[PDB]
Structure formats: C-alpha cells, structure tokens
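For reference, the structure discussed in these notes is given below.
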Amino acid sequence: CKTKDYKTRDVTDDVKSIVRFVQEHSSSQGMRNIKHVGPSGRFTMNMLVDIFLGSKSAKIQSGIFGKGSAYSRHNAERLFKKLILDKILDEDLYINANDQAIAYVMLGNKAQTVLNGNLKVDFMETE
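Those letters in the sequence shown? Residues 1067 to 1193, by UniProt numbering.
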C-alpha cells in the first residue's frame, strides 16, 4: 500500500479470484436471476470488466459479478489489458467484414502458470 509501503500490487490474489470464476464458468449459476431477459452476449474483456464491478450493463450475473467493485471500469480494463500483455490472458482479435474489431477473452501463453498458481504480475492502483 503505497503510502505506508513502497509496494505496488501484485494482482495475483485479484487475478486468481478472476481466473477461478471464469475457469469454473463452464456452466453458470442459476441463482443469477436478474437479466433473464434480452439477447445473449459474448465474452470479451470489457464485458468481464462491467461484471467484475457489479455494474449493470453486464448481462451475465455469474462469477466475479460484484467482486471488484473497488475498481473503476477503465481500471479493470487496464488490468485485463495488463494480463493480455503479460500473456496470462490472450486476446482473440476478431474483426468482421465491416472492419469492426473486437477481442475476446481466453487464456493461453502464461495460462499454465496461472493454473500452477505461480502467476504473479503487477498492477498499479491504490495498493
């Protein structure tokens, strides 16, 4: 906690919590209830962001929903984007024939280290 410590935050506790939910999200919690109306969605980094905070754009309500409510959406973005750079996260760059690009979320390169739990990356917030 940079104010007492010179430490910056290793988002490993944060990230592992994220990973747990997304990994076990091979199914979904039926107790989600809320958005049981409307069209489906896709799993992209920014969707996970809105979910992570417990925001209300999010249409999933299962997993890390309202678990990182101490972040701001663009801060959470910055992290999933830190993760894609570190390669814990791997971004699925997809563009349709309208030159509209969107990136999905998967874990690829450092993902095995995530499973081993030895994944320790940094992130800078108020810690």
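Where a beta carbon is used, it is the ideal one built from N, C-alpha and C, also for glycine.
Runs of 3 residues minimum, wholly inside the segment 1154–1184: which ones carry the beta strand (DSSP E) assignment? 1156–1162 and 1166–1172
I need the straight-line Cα distance from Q1127 to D1152, nearest angstrom please. Sequence index remark: in the sequence shown, residue 1127 carries index 61 (1-based). Sequence index remark: in the sequence shown, residue 1152 carries index 86 (1-based). Answer to the nearest angstrom: the Cα atoms are 27 Å apart.
Rounded C-alpha distance that separates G1134 from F1118: For the purposes of this step, residue 1134 is identified with residue 68 of the sequence shown, where counting begins at 1. For the purposes of this step, residue 1118 is identified with residue 52 of the sequence shown, where counting begins at 1. The alpha-carbon atoms of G1134 and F1118 are separated by roughly 5 Å.
State the Cα-Cα distance for the pair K1073 and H1091, rounded to the nearest angstrom. Counted from its first residue, the sequence shown places residue 1073 at position 7. Counted from its first residue, the sequence shown places residue 1091 at position 25. Roughly 32 Å between the two C-alpha positions.
Reduced DSSP secondary structure (H/G/I, E/B, other) of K1186: For the purposes of this step, residue 1186 is identified with residue 120 of the sequence shown, where counting begins at 1. Coil.
I'd like to confirm the pairing. Which residues does DSSP put opposite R1075 in its beta bridges? What you label residue 1075 is simply residue 9 of the sequence shown in a count that begins at 1. Per DSSP, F1189.
Below 6 Å CB to CB, which residues in the same chain sit around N1184 once its five sequence neighbours on both sides are set aside? The count along the sequence shown starts at 1 and reaches residue 1184 at position 118. If we look at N1184 and ignore the five residues flanking it on each side, it has no Cβ neighbours.
Quick check on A1167: buried or exposed, where buried means 16 or more other Cβ atoms within 10 Å of its Cβ? As a working note, residue 1167 is residue 101 in the sequence shown. Exposed.
Only counting the same chain, and skipping five residues up and downstream in sequence, which positions put a Cβ closer than 7 Å to that of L1173? Here the question's residue 1173 lines up with position 107 in the sequence shown. Answer for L1173: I1154, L1155, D1156 and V1180, listed in chain order.
Which same chain residues, not among the five before or five after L1149, have their C-beta less than 8 Å away from its C-beta? The residue given as residue 1149 occupies position 83 in the sequence shown. If we look at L1149 and ignore the five residues flanking it on each side, its Cβ neighbours are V1081, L1155 and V1187.
Buried or exposed, going by whether 16 or more other CB atoms sit within 10 Å of the CB of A1142? In the sequence shown, residue 1142 corresponds to position 76, counting from 1. Classification for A1142: buried.
Going by alpha carbons, who is nearest to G1107 out of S1138, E1193, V1171 and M1190? The count along the sequence shown starts at 1 and reaches residue 1107 at position 41. Among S1138, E1193, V1171 and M1190, the Cα nearest to that of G1107 is on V1171.
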